[PDB]
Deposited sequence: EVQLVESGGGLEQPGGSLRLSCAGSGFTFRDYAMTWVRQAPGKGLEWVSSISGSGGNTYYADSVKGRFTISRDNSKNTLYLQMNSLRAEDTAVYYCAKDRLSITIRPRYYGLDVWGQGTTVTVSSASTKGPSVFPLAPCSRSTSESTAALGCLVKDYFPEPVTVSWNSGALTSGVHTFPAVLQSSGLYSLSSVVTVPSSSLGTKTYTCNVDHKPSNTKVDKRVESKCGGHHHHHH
């Protein structure tokens, strides 16, 4: 199937620079305009930049002109965004999307039909910090969880039992603590009769700090 896979997100100082990447598969990459859209925390979608299939034309939102530069490597089926002179307003999840067929004499529009998984850019003067992962240990129903405490920047992902456990999982929005670090909890409800027989492990990933921790909750 058609997929877009993004990377390159992380923390940079105000005034700093970062490059995002978006690798496409399952379509003839060079035939299509490619587009970046972002979403600031708790805000809506905002268009950032587009580039035609051939790289013949580029387009930018007024607030990013000059500072941001879109590019593509057709031979690697990859779209890039060079983000210079970073500002607080640039803190967002960045999505790439497949845009119009641009090889034809008249471009053909199919919507932004395929989107990447997103990558998070944080512009802040602080340092990266990896989380500690603490168990939340144990009616016929038991609740257990993990507390992912004191990390920066966003985000953290959590799965259970390497993705096998999906039913009854609640992963809460991160809270910004007064310390300026985030905390997140993830819980699951399970049969209390199962606690002796089956193991429950939370799988925590914080890509910015290269922290990938699995915590068995006894």
- Query: Got a list of the deposited-sequence ranges with no coordinates?
  - Reply: 139-144, 225-235
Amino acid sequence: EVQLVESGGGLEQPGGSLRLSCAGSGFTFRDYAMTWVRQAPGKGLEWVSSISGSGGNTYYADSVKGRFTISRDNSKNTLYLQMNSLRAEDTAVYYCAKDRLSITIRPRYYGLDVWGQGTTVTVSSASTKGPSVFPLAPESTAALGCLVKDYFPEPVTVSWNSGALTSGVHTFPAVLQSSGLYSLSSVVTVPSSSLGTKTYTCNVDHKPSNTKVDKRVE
From here on, numbers count along this sequence of modelled residues.
- Message: On mean Cα temperature factor in this entry, is 44-52 or 173-181 the higher one?
- Response: 173-181
- Note on the structure: Comparing 21-29 with 195-203, the higher average Cα temperature factor in the PDB entry belongs to 195-203
- Query: Which of these has the highest Cα B-factor in the record: 39, 69, 167, 159?
  - Reply: 167
- Message: Comparing recorded Cα B-factors across 144, 93, 105, 79, which one is largest?
- Response: 105
- Record-listed C-alpha B factor of residue 4: chain third: lowest
- Sorting the chain's modelled residues by C-alpha B-factor and splitting them into thirds places residue 99 in the lowest
- Within this chain, which third does the Cα B-factor at residue 114 fall in: lowest, middle or highest? middle
- Would you check the entry's CA temperature factor for residue 137 and let me know if it's in the chain's lowest, middle or highest third? highest
- Query: Can you tell me which third, lowest, middle or highest, the CA B-factor of residue 35 falls into for its chain?
  - Reply: middle
